[PDB]
Each structure stands twice: as structure tokens, then as C-alpha cells.
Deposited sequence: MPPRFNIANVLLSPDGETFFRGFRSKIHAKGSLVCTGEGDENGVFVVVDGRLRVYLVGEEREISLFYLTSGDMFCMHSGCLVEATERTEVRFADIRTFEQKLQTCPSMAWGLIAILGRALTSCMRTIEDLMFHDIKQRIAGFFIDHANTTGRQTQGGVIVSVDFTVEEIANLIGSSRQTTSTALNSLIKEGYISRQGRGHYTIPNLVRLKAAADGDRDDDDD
């Protein structure tokens, strides 16, 4: 789904009043906006602030994504939501929201976009599990095969190998490596500056990714 820019609808004659009537609510920092076994429900839109959406397990907490000014979310996703700041949100029950959406279909894209954000986040988390090891292995490879340049502008860790050269070395398939590596590149652990040429920003973090 495309990303959604809510000002487009709020500034439009049609969407301008969308939230008229929505109650307002404030969440103190560190407070749980909602969690499983939740007896609450409804829909809200962040006015300002920041909320974290996640799941937990394996001694580790999986941060899915964040909610900031303009983002919409519900109280029944089975996800945990906490304020990492004092955040204000407009609130309303599902029905009211559905009514408003049908009266102003263009606002629907906000929902579409956040469902997409939530989805890819999860895919990423699933991807991190189906490849936990190959990624540490490749993080090992990059550590063991890295070489630096003179600090006199200056200082850059490099690893010049092509995905196939890498795949051959570590063993795993070429397509599996590509995903693992592409995964690591997302996390910013490894930068790609052309085919067969990479760079390692901050080697201490990559070391931590192994």
C-alpha cells in the first residue's frame, strides 16, 4: 500500500470535518495504551507524541513500528501499544469511525497505509527469525574479511565481495544469502556502494550483529 499523508484529507473540503466530534485523550509517558486481554476497543488517531507497537517473547521485545502525528490505529490488533512520550489522540468507537469512513472514503487510505506498515513490520520480524543464523554468519564473514583505509581523510571499513562470492564462501544458497544480507543492509549494519563493494558503518554494531 502507498503511504498516507493525512493532511491531504484534512485540508480537503470533504475530509476537513472528519474528526469533528471525536473525543480527545492524553497518555503519559511509559503508559500502556492497550495490550492483549484488552477489554477495551475502538479507533484513534495520534495528534502529537509517539507510541510504540510491539509484541514480546524469547526474553526479547520485538518493536514492530511507531505511531506519530497523523497515524491511525485500533484497540483490538492484539498488539501492545505504549507511549514513549506524552501523546494526544482523538478517539471514537468502531461504528462512529466506520460511518465517518463511508462518508469520507479518502480517509480510508490512512487505514490501508497503517495496515501495510503493520504487515511489513511483521514480515520483517518473521524474516529475522527464519534467517537469524545466516545473518550472524554473514555478520561474521564481514567482520573476518573487513579491511580499513588510512584515517587521514579517511577511515573506512570495506568488504569487497559479490553476493555469489559470499554465498559460495559461507555455504548457504545464493538467494538465501541475498535476503540475509539485504536484511542486514536494512538494519544499517552494512552499506552497499555498488555491486561487489560494501562498507561497514561502525564496526562495533556489526560485531554486535553476530
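Residues of the deposited sequence lacking C-alpha coordinates fall in the stretches 1, 155-156, 214-222, numbered from 1.
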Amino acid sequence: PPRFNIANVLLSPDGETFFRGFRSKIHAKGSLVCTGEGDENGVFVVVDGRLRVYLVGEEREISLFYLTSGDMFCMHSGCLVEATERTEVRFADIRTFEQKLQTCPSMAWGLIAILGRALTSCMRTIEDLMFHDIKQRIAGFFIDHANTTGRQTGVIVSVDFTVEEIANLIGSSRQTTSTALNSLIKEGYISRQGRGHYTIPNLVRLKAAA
From here on, numbers count along this sequence of modelled residues.
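When 22-30 is weighed against 147-155, 147-155 comes out higher, by mean CA B-factor as recorded in the entry. A summary of the deposited B-factors shows that, of 8-16 and 190-198, the stretch with the larger mean C-alpha value is 190-198.
Comparing the listed residues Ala180, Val47, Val163, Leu67, the entry records the largest Cα B-factor for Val163.
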